[PDB]
């Protein structure tokens, strides 16, 4: 299948996992600013647009860490071999959003192809889920406003291990262009170290060649 069962008994975090999954169930969010000064430059020298590029880079970073691709399947802890991004699309006409997903691909060009293709087919579709699989990552965008913090207050997040990432409008801060990015995870599968690792990797990706 496209997932492997995780060896929970020999895992270094097995105590932590039981602890934060059942003893003291919790998750946390954190908002940090990513420096997109370099990325903006690379975007400027290309035909790629900002949203699709950030989706790609967030999916890329996620795809690099097992702890960000865990799930409960058949009451067992698994790791997805790979996850596809699920992202929000605003409909200016109805002022409502939809959620769409498209297959992740390590080739940025093939990813762009997938993205346009999905966007092509459902741009007009106002259902909440126009498409109607489980190895996903959630990405949302609030481009109309800058924020220093964002937190989702969910009534029930039992065994909800997929990361939720929210980005705000970027802004010029001195000489840098900063993007606020909120990350919300479940404490059973992710510690603060794990989140900081993801953010630092994303920052390095933004600071690198697209191709």
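Positions refer to the first chain, counted from 1.
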| property | result |
| --- | --- |
| Size class of the missing deposited segment between residue 132 and residue 133 | 1 to 3 |
| 186-194 versus 11-19 - greater average Cα B-factor per the deposited record | 11-19 |
| Segment of higher mean CA temperature factor, 170-178 or 153-161 | 170-178 |
| From 124, 96, 88, 82, residue of greatest CA B-factor | 124 |
| Residue, from 65, 28, 48, 147, that the PDB entry assigns the highest Cα B-factor | 48 |
| Cα B factor band for residue 111 (lowest, middle or highest third within the chain) | highest |
| Chain thirds of CA B-factor: placement of residue 40 | middle |
| B-factor third for the C-alpha atom of residue 137 within its chain | middle |
| Assigned third (lowest, middle, highest) for the C-alpha B factor of residue 102 | middle |
